Amino acid sequence: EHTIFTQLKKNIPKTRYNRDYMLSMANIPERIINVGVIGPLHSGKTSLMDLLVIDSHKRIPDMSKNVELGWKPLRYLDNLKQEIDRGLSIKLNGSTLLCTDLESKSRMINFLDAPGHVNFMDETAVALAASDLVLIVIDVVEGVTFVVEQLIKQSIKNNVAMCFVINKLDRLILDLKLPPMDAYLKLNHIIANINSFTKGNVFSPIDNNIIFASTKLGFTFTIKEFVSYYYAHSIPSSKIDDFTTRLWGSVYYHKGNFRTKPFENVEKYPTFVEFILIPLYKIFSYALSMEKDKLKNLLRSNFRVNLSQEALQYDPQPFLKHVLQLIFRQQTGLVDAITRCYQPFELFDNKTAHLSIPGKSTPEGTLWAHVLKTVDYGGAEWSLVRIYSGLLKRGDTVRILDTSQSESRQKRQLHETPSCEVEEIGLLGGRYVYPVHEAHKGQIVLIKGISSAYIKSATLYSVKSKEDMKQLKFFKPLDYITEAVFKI
Amino acid sequence: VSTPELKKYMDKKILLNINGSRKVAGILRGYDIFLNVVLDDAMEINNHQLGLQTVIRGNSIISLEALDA
Amino acid sequence: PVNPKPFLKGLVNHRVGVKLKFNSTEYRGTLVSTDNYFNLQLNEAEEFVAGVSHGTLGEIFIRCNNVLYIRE
Amino acid sequence: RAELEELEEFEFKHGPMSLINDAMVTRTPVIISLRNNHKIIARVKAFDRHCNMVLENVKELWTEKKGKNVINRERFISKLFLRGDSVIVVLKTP
Amino acid sequence: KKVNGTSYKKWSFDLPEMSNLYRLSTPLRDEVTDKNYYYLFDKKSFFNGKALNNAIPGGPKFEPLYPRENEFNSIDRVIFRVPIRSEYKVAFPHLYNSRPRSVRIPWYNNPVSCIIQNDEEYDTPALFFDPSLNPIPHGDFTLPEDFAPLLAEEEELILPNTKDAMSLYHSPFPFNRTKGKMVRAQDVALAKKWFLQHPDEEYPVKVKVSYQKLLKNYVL
Amino acid sequence: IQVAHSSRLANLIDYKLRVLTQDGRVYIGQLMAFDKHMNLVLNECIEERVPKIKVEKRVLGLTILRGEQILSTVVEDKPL
Amino acid sequence: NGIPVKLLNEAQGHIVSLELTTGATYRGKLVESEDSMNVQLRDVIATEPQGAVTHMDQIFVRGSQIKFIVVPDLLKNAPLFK
Amino acid sequence: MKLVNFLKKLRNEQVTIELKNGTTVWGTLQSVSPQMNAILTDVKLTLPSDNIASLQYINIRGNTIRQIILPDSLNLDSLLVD
Amino acid sequence: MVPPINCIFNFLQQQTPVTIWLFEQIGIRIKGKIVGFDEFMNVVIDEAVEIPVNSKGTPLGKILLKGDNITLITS
RNA sequence: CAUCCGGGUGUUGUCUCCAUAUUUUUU
Ligand SMILES: Nc1nc2c(ncn2[C@@H]2O[C@H](COP(=O)(O)OP(=O)(O)OP(=O)(O)O)[C@@H](O)[C@H]2O)c(=O)[nH]1
Ligand SMILES: [Mg+2]
């Protein structure tokens, strides 16, 4: 009646990457990264999360034949009767899973999908308080609207690194029917409009900051990823990265010679149109409108993609999705961009200083975590907590102080707390909860049993001596971004 | 091409182990892709300084240890 | 301005003395030619074993990797 | 690949690589000092960039010296491949 | 090739046959391609209308299902401002009326469509910058020769059958498919989309009431 | 000891391999990964030095062996 | 790219041991690695070839000098191989 | 110009080898790499005054190989030309 | 920041008192002044002097020393 | 709470038509 949720533990999805090796990488605190997926309403962030979910698991049981074929999107993290019927994420949900970058180094990432409607900004304020970096997903048709502008101003305010995913790239092609040069000018307009609100930092597709994606057709790429697949087995290997820095922004190419003027003879396009964008238009046009016998030969010769004999008998939209998922493989370019965005050394200290009264340090022995919200997740209620320091074990009694007390308790520390035992700890996964015995520093978990101790948020601390009581500093309460002003 | 990330160790004193059990103390001035250490010369292993500003070759490096934290 | 490779090009057709690393010996003969690798060739090269001419080797071709230093 | 081999043979003939190339052309016995002390008297057959050289008519000369007993040892081989790094000084015997 | 056999159970066509059947069946196509057309005429607004006993201005009218009919909503104390007309009570049905019994929640929106059609003269290409659209205002390094992008050997971006593909790509049900199975002849409801869309023009009273009666039958 | 008449090194991967080293030691274990520069990744590497009498023995587990400091490779035993 | 060097960089963070050409072993948290194994460690014990242990905070090493690196049992599992 | 061509063309020949230390190696040329790595099947080793240590299979590192004593029935000029 | 190429360009123009240590070698040092520079680390040194180590001033002149066997430089 | 016009998929049978190298690897 309320959620769609996986209650039988035996019916869990079967996790291609061996979750025990995922939990083993939680010991190193630099291996974990917390990213929240924010953006505007109906821009694609849930389907973007759903791509990663589909590619991370072996057999999802809730996946029907239609969401395999690509007619209806599996909205895996929507999960509620509200969010299925309304068609709208109203509560934040997440998934913790491991992902590999382009250099094959795997790391554990905690994705928090957040709502995009503007009434639900309490949720987005929770996601900005949780996340190390955010990946703002915007759609290409609307541009960087006023909502996008406010989301990047709040990403700057919270001392949070950020990344951009240009979404809905098919609507340039199929819906609006723009020519490839005009769509290049549209993309350069969006990026040059992104850089106007960002104070000083530079977002370009060649700095692993801008990621082009469909998520209805189910691809994503970067210029670095797209050179790394099909181009850079031909370039001499000392030139590869330098060639990628040639792939943007009014540098023109003819016959092995790069220059900047329009070259006056061949009437070619700029290099991003010629190398990346026109092959993308050709993949779409030839998937939808070329006879399959020529298409499988051409596509085997160019991309080494072998179209199966089943996949010739499709409808045009599943066939386009199938071709585009075989040209553009699993989302390693996005994960590589996430790894290249976040430096912990620059921003973890400023983020804890912004959340809670800048001190020198916390002792490594004490347990110090931040109970963000009470979330009804799977029948019973779980707290949702990020662990800033120390270790937490199942069966440990800790002090949970409500955050409204904290602005007084902090001045009293400059000049009692009720305790609760941690009954269960689980990793959030979408339609399920994976039970875990202990939770380390730097990761986001769900804790059953402390929910009766606070209203909206809390801080969780376990002190070892008496002397570290004066060292510890409490979290300030949230800036739920919109003031509630509509009364009944 | 892969630049050894010595910008964490830039402008800091370092105990450079080099060929034949020889040590070099000295604050770092710069470097290159071959790991050739450009450093302000200090006492060489009781102890005695040779030179004012030194450039050690990468091939001769055994190690370089963080004297300063 | 006096670099090694242009002085080496001037040192062509001139007497040179070669010293090496391990199991090594000084020499003394007229340099014939050189390349970017610094492979040497001498005529009338005398095998100065620690500054003592053990034998007049004459027409010889020295390898590049074992070279330590070259002098007058 | 072809232009590099053209400038290879060009740079051999003019540079000092011509010497033992001319020794191979004249096909004489040549002595070569070695890293592990072996004066190799042999007929040069092959010749490359790295100074790796196949040797016909081989006659290695050395001294297996241990026990206060100088036993100047030597052996004949039919054909042998030389690695470059082992070489110290090649020389053509007049 | 175009059928399984004389048992006549499954069908699969090419693109030009399917496009030809798309053009040829113009008078009975749906020709509504965005889902925001059915804002307050979807099935679930009809269910909320039956349950709440309201009448959206062009649809059916049922019985109450709760036919039996304090000083909280008195006149002195409520601020009369922006009347609470029946479309608001249908759209947000837990906020605008007390006691919503047997009410379900009706799919907030679909984003905004900007599909552009191309039907004039056919000689315009597939990819063309429409007049509706706003404008978008404002040697150390070399590679080997014969280095060219991926599909440069096939020089045409726009194939001839691709305008038909981009038109069939958006058609609602039977035509975006090109593969399927045979149904019965009476199971193909040809008049059905007509009374689900709206009245096409301004009709007589009898013809506007006929839409409502058939549309009530669909809801039941 | 038994082994197939193999063509190259990569074809006999995951075989228990005696691997000599320039410093005098020998590393014995099942090889997981090789390289262009002969860097090796032994699954169950075992450190065996030859001291100046009888063999020195020590267990390592999963270890990278750098290629430059290898002398040669020898097949010790089969997989599994 | 070198699949053993791939493994090394993936092994960053774990308590890894390291012996050089000199024969002096090390053991601590890894920090940095590259194509040429330009290794960095934290909390590193530095046992000399004789056996003289000297605990120290950090170290940087050049790849030419490295002999072999003791990786833990976690990299046996995933995800570099398949 | 490449002797690597010749050494590649040397196949299935039983040959002696010397190393940097000077170890002998009697075995069939299974294959030779472009950087001299001598892949050898059916091999026999003897150290430098020392007794026999015969083995089944050995691929030896290219740089460690000092000097390969070739067999008797061998036309050098036949393989040198393309 | 100063790469080795730029610090040796200072040693090139200055020609100040250089002391060189040698690769795979503890028994001997050099004392002269830098005069040349190659794209490799080869440098010709005028007024060079062979200086055995403090466990004297022995004879040596101007030398093109193959720079791949260098350890120290300090002008 | 039932009746009726229909539908999918699987296994077996049956029927029809054809067929038998010049600093980290290696100079
Ligand atoms: N035309 C088109 N639609 C897309 C594309 N990607 C996603 N969508 C649609 O966008 C709608 C919104 O998708 P969601 O991801 O579920 O919405 P959201 O981003 O989570 O925004 P929320 O309402 O907060 O969930 C879905 O109905 C998708 O069909 C695309 O590339 N092209
Ligand atoms: Mg959503």
# chains A, B, ... in the order shown; residues from 1 in each chain; ligands from 1
call {"tool": "residues_around", "arguments": {"residues": "segment 24-35 of chain G", "least_positions_apart": "4", "cutoff": "6 Å", "atoms": "only C-alpha atoms (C1' of nucleotides)", "output": "list in words"}}
result
residues 9, 12, 13, 14, 15, 16, 17, 18, 19, 39, 40, 41, 42, 43, 44, 45, 46, 47, 48 and 49 of chain G
call {"tool": "residues_near_ligand", "arguments": {"ligand": "ligand 1", "cutoff": "8 Å", "atoms": "only C-alpha atoms (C1' of nucleotides) and all ligand atoms", "output": "JSON, numbers by chain"}}
result
{"A": [39, 40, 41, 42, 43, 44, 45, 46, 47, 48, 72, 73, 75, 78, 87, 88, 89, 90, 113, 114, 115, 116, 117, 137, 167, 168, 169, 170, 171, 175, 213, 214, 215, 216, 217, 218], "E": [110, 111]}
call {"tool": "write_last_selection", "arguments": {"atoms": "N, CA, C and O atoms", "output": "compact mmCIF listing (two decimals), in the first residue's frame"}}
result
# COMPACT_ATOMS: atom_id res chain seq x y z
N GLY A 39 19.16 19.01 -8.96
CA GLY A 39 18.85 19.59 -10.24
C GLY A 39 17.40 20.03 -10.26
O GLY A 39 16.72 19.98 -9.23
N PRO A 40 16.91 20.49 -11.40
CA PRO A 40 15.53 20.97 -11.46
C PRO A 40 14.53 19.85 -11.72
O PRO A 40 14.85 18.66 -11.78
N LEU A 41 13.29 20.28 -11.87
CA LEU A 41 12.16 19.37 -12.00
C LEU A 41 12.10 18.79 -13.39
O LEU A 41 12.19 19.52 -14.38
N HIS A 42 11.99 17.46 -13.44
CA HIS A 42 11.94 16.66 -14.66
C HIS A 42 13.14 16.91 -15.56
O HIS A 42 13.00 17.19 -16.74
N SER A 43 14.33 16.78 -14.99
CA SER A 43 15.54 16.98 -15.76
C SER A 43 16.27 15.68 -16.04
O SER A 43 17.02 15.61 -17.02
N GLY A 44 16.06 14.65 -15.24
CA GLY A 44 16.59 13.35 -15.58
C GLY A 44 17.42 12.68 -14.51
O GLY A 44 18.04 11.65 -14.79
N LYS A 45 17.43 13.21 -13.29
CA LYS A 45 18.37 12.76 -12.28
C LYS A 45 18.01 11.38 -11.73
O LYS A 45 18.90 10.60 -11.37
N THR A 46 16.73 11.02 -11.73
CA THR A 46 16.35 9.70 -11.23
C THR A 46 16.68 8.64 -12.25
O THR A 46 17.19 7.56 -11.90
N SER A 47 16.47 8.93 -13.53
CA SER A 47 16.83 8.00 -14.58
C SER A 47 18.34 7.88 -14.72
O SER A 47 18.86 6.80 -15.05
N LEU A 48 19.06 8.97 -14.45
CA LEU A 48 20.52 8.92 -14.39
C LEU A 48 20.99 8.00 -13.29
O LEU A 48 21.91 7.20 -13.50
N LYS A 72 9.19 2.37 -20.98
CA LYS A 72 9.00 3.08 -19.74
C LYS A 72 10.30 3.09 -18.97
O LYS A 72 11.02 2.09 -18.96
N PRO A 73 10.67 4.21 -18.36
CA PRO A 73 11.82 4.19 -17.47
C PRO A 73 11.50 3.46 -16.19
O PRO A 73 10.47 3.69 -15.55
N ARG A 75 11.93 3.62 -12.70
CA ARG A 75 12.27 4.64 -11.72
C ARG A 75 12.48 3.89 -10.41
O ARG A 75 11.57 3.73 -9.59
N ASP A 78 12.39 5.82 -7.00
CA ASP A 78 11.19 6.59 -6.67
C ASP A 78 10.36 5.89 -5.61
O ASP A 78 9.88 6.54 -4.67
N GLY A 87 4.29 10.74 -10.16
CA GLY A 87 5.38 10.79 -11.12
C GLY A 87 6.44 11.81 -10.81
O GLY A 87 6.79 12.61 -11.68
N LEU A 88 6.94 11.82 -9.59
CA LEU A 88 7.61 12.96 -9.00
C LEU A 88 8.29 12.51 -7.72
O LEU A 88 7.65 11.98 -6.82
N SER A 89 9.59 12.74 -7.63
CA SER A 89 10.36 12.38 -6.44
C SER A 89 9.99 13.37 -5.36
O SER A 89 10.07 14.58 -5.56
N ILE A 90 9.52 12.87 -4.21
CA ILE A 90 9.13 13.78 -3.14
C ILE A 90 10.07 13.64 -1.94
O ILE A 90 10.19 14.57 -1.13
N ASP A 113 20.00 10.51 -4.50
CA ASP A 113 19.02 11.13 -5.37
C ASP A 113 18.09 12.02 -4.56
O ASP A 113 17.57 11.61 -3.52
N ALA A 114 17.86 13.22 -5.08
CA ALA A 114 17.11 14.27 -4.41
C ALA A 114 15.96 14.73 -5.29
O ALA A 114 15.99 14.50 -6.50
N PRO A 115 14.92 15.32 -4.72
CA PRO A 115 13.82 15.82 -5.56
C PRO A 115 14.20 17.05 -6.36
O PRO A 115 15.16 17.76 -6.03
N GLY A 116 13.42 17.31 -7.41
CA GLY A 116 13.71 18.43 -8.27
C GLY A 116 12.64 19.51 -8.25
O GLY A 116 12.87 20.62 -8.72
N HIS A 117 11.47 19.19 -7.72
CA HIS A 117 10.42 20.20 -7.62
C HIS A 117 10.80 21.20 -6.54
O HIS A 117 11.56 20.88 -5.62
N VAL A 137 22.39 18.10 -12.48
CA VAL A 137 21.87 17.60 -13.74
C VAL A 137 20.88 18.61 -14.28
O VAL A 137 19.86 18.88 -13.64
N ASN A 167 21.88 17.04 -19.95
CA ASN A 167 21.00 15.91 -20.12
C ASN A 167 20.13 16.15 -21.34
O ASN A 167 20.13 17.23 -21.92
N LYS A 168 19.37 15.11 -21.72
CA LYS A 168 18.34 15.15 -22.76
C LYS A 168 18.90 15.57 -24.11
O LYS A 168 18.27 16.32 -24.85
N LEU A 169 20.07 15.04 -24.47
CA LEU A 169 20.72 15.41 -25.73
C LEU A 169 19.96 14.94 -26.96
O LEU A 169 20.22 15.42 -28.06
N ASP A 170 19.02 14.01 -26.80
CA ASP A 170 18.23 13.60 -27.95
C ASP A 170 17.22 14.66 -28.37
O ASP A 170 16.80 14.68 -29.52
N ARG A 171 16.82 15.55 -27.46
CA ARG A 171 15.79 16.53 -27.79
C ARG A 171 16.32 17.60 -28.73
O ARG A 171 15.55 18.27 -29.42
N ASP A 175 13.61 16.00 -31.21
CA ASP A 175 12.49 16.90 -30.96
C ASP A 175 12.64 18.19 -31.73
O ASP A 175 11.80 18.53 -32.57
N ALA A 213 24.74 13.45 -21.70
CA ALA A 213 23.99 12.25 -21.37
C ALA A 213 22.60 12.29 -21.98
O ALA A 213 22.06 13.37 -22.22
N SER A 214 22.02 11.12 -22.23
CA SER A 214 20.62 11.07 -22.60
C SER A 214 19.75 10.59 -21.45
O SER A 214 18.81 11.29 -21.05
N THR A 215 20.00 9.37 -20.96
CA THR A 215 19.32 8.64 -19.88
C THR A 215 17.91 8.18 -20.24
O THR A 215 17.31 7.42 -19.49
N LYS A 216 17.36 8.63 -21.36
CA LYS A 216 16.20 7.93 -21.91
C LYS A 216 16.66 6.90 -22.92
O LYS A 216 16.21 5.75 -22.90
N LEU A 217 17.56 7.30 -23.80
CA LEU A 217 18.29 6.38 -24.65
C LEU A 217 19.39 5.67 -23.89
O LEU A 217 19.90 4.65 -24.36
N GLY A 218 19.77 6.19 -22.73
CA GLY A 218 20.62 5.46 -21.82
C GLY A 218 22.09 5.47 -22.15
O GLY A 218 22.75 4.43 -22.06
N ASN E 110 4.07 16.43 -17.12
CA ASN E 110 5.08 16.08 -18.10
C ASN E 110 5.71 17.37 -18.60
O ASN E 110 4.99 18.37 -18.73
N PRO E 111 7.02 17.39 -18.90
CA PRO E 111 7.82 18.61 -18.67
C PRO E 111 7.40 19.86 -19.44
O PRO E 111 6.91 20.79 -18.79
call {"tool": "interface_residues", "arguments": {"of": "chain A", "to": "chain E", "cutoff": "7 Å", "atoms": "only C-alpha atoms", "output": "PyMOL selection string"}}
result
chain A and resi 42+85-87+174-179+185-186+255-258+274-275+279+282+285+288-289+302+315
call {"tool": "residues_around", "arguments": {"residues": "residue 473 of chain A", "least_positions_apart": "3", "cutoff": "7 Å", "atoms": "only C-alpha atoms (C1' of nucleotides)", "output": "PyMOL selection string"}}
result
chain A and resi 356-357+410
call {"tool": "write_last_selection", "arguments": {"atoms": "C-alpha atoms", "output": "PDB file, in the first residue's frame"}}
result
ATOM      1  CA  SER A 356      29.824  23.273  12.925  1.00  0.00           C
ATOM      2  CA  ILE A 357      31.880  26.143  14.442  1.00  0.00           C
ATOM      3  CA  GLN A 410      28.180  25.135  22.170  1.00  0.00           C
TER       4      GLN A 410
END
call {"tool": "select_by_dssp", "arguments": {"residues": "segment 5-203 of chain E", "states": "alpha helix (DSSP H)", "output": "MDAnalysis selection string"}}
result
chainID E and resid 15:24 43:52 86:91 162:168 194:197
call {"tool": "residues_around", "arguments": {"residues": "residue 11 of chain B", "least_positions_apart": "2", "cutoff": "8 Å", "atoms": "only C-alpha atoms (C1' of nucleotides)", "output": "CSV table (one decimal) with N, CA and C atoms, in the first residue's frame"}}
result
chain,number,residue,atom,x,y,z
B,9,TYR,N,55.7,18.2,-1.1
B,9,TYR,CA,57.1,18.3,-0.5
B,9,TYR,C,57.8,19.6,-1.0
B,13,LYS,N,62.3,20.6,3.9
B,13,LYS,CA,63.5,19.8,4.0
B,13,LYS,C,63.3,18.3,3.9
B,27,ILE,N,66.2,21.9,1.8
B,27,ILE,CA,64.9,22.4,1.4
B,27,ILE,C,64.8,22.3,-0.1
B,28,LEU,N,63.6,21.9,-0.6
B,28,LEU,CA,63.3,21.7,-2.0
B,28,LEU,C,63.1,23.0,-2.8
B,29,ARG,N,63.7,23.1,-4.0
B,29,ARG,CA,63.6,24.3,-4.8
B,29,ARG,C,62.7,24.0,-6.1
call {"tool": "interface_residues", "arguments": {"of": "chain H", "to": "chain F", "cutoff": "12 Å", "atoms": "only C-alpha atoms", "output": "MDAnalysis selection string"}}
result
chainID H and resid 11:12 19:23 25 28:35 37:45 54:66
call {"tool": "decode", "arguments": {"residues": "segment 439-459 of chain A", "atoms": "N, CA and C atoms", "output": "PDB file, in the first residue's frame"}}
result
ATOM      1  N   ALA A 439      30.046   0.522  10.873  1.00  0.00           N
ATOM      2  CA  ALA A 439      30.067   1.629   9.935  1.00  0.00           C
ATOM      3  C   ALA A 439      31.277   2.493  10.233  1.00  0.00           C
ATOM      4  N   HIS A 440      32.067   2.771   9.206  1.00  0.00           N
ATOM      5  CA  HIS A 440      33.339   3.442   9.370  1.00  0.00           C
ATOM      6  C   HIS A 440      33.207   4.935   9.127  1.00  0.00           C
ATOM      7  N   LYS A 441      34.346   5.614   9.196  1.00  0.00           N
ATOM      8  CA  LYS A 441      34.395   7.046   8.959  1.00  0.00           C
ATOM      9  C   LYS A 441      34.111   7.357   7.498  1.00  0.00           C
ATOM     10  N   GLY A 442      33.373   8.434   7.270  1.00  0.00           N
ATOM     11  CA  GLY A 442      33.207   8.977   5.945  1.00  0.00           C
ATOM     12  C   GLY A 442      32.048   8.441   5.140  1.00  0.00           C
ATOM     13  N   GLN A 443      31.270   7.503   5.665  1.00  0.00           N
ATOM     14  CA  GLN A 443      30.220   6.904   4.865  1.00  0.00           C
ATOM     15  C   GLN A 443      28.853   7.186   5.469  1.00  0.00           C
ATOM     16  N   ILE A 444      27.837   7.115   4.610  1.00  0.00           N
ATOM     17  CA  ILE A 444      26.452   7.436   4.936  1.00  0.00           C
ATOM     18  C   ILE A 444      25.690   6.139   5.131  1.00  0.00           C
ATOM     19  N   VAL A 445      25.034   5.989   6.282  1.00  0.00           N
ATOM     20  CA  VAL A 445      24.270   4.783   6.583  1.00  0.00           C
ATOM     21  C   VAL A 445      22.908   5.146   7.155  1.00  0.00           C
ATOM     22  N   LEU A 446      22.122   4.105   7.398  1.00  0.00           N
ATOM     23  CA  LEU A 446      20.818   4.186   8.028  1.00  0.00           C
ATOM     24  C   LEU A 446      20.924   3.491   9.371  1.00  0.00           C
ATOM     25  N   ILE A 447      20.519   4.169  10.432  1.00  0.00           N
ATOM     26  CA  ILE A 447      20.610   3.623  11.779  1.00  0.00           C
ATOM     27  C   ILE A 447      19.225   3.515  12.384  1.00  0.00           C
ATOM     28  N   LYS A 448      18.840   2.299  12.743  1.00  0.00           N
ATOM     29  CA  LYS A 448      17.596   2.061  13.454  1.00  0.00           C
ATOM     30  C   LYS A 448      17.808   2.176  14.953  1.00  0.00           C
ATOM     31  N   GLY A 449      17.014   3.021  15.607  1.00  0.00           N
ATOM     32  CA  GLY A 449      16.918   2.971  17.049  1.00  0.00           C
ATOM     33  C   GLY A 449      17.114   4.270  17.794  1.00  0.00           C
ATOM     34  N   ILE A 450      17.561   5.338  17.132  1.00  0.00           N
ATOM     35  CA  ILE A 450      17.786   6.612  17.800  1.00  0.00           C
ATOM     36  C   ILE A 450      16.761   7.662  17.408  1.00  0.00           C
ATOM     37  N   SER A 451      15.685   7.263  16.732  1.00  0.00           N
ATOM     38  CA  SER A 451      14.790   8.226  16.101  1.00  0.00           C
ATOM     39  C   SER A 451      13.910   8.934  17.116  1.00  0.00           C
ATOM     40  N   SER A 452      13.771   8.367  18.313  1.00  0.00           N
ATOM     41  CA  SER A 452      12.856   8.943  19.289  1.00  0.00           C
ATOM     42  C   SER A 452      13.518  10.051  20.088  1.00  0.00           C
ATOM     43  N   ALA A 453      14.724  10.450  19.699  1.00  0.00           N
ATOM     44  CA  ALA A 453      15.524  11.294  20.568  1.00  0.00           C
ATOM     45  C   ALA A 453      15.606  12.718  20.048  1.00  0.00           C
ATOM     46  N   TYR A 454      15.064  12.976  18.865  1.00  0.00           N
ATOM     47  CA  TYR A 454      15.217  14.287  18.261  1.00  0.00           C
ATOM     48  C   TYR A 454      14.020  14.628  17.390  1.00  0.00           C
ATOM     49  N   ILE A 455      13.939  15.910  17.065  1.00  0.00           N
ATOM     50  CA  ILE A 455      13.126  16.435  15.978  1.00  0.00           C
ATOM     51  C   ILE A 455      14.169  16.888  14.968  1.00  0.00           C
ATOM     52  N   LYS A 456      13.744  17.458  13.849  1.00  0.00           N
ATOM     53  CA  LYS A 456      14.236  17.240  12.473  1.00  0.00           C
ATOM     54  C   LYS A 456      15.656  16.676  12.364  1.00  0.00           C
ATOM     55  N   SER A 457      16.673  17.253  13.000  1.00  0.00           N
ATOM     56  CA  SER A 457      18.014  16.682  12.875  1.00  0.00           C
ATOM     57  C   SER A 457      18.675  16.521  14.236  1.00  0.00           C
ATOM     58  N   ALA A 458      19.807  15.813  14.277  1.00  0.00           N
ATOM     59  CA  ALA A 458      20.530  15.612  15.530  1.00  0.00           C
ATOM     60  C   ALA A 458      22.024  15.459  15.286  1.00  0.00           C
ATOM     61  N   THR A 459      22.797  15.443  16.374  1.00  0.00           N
ATOM     62  CA  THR A 459      24.211  15.076  16.330  1.00  0.00           C
ATOM     63  C   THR A 459      24.475  13.890  17.248  1.00  0.00           C
TER      64      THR A 459
END
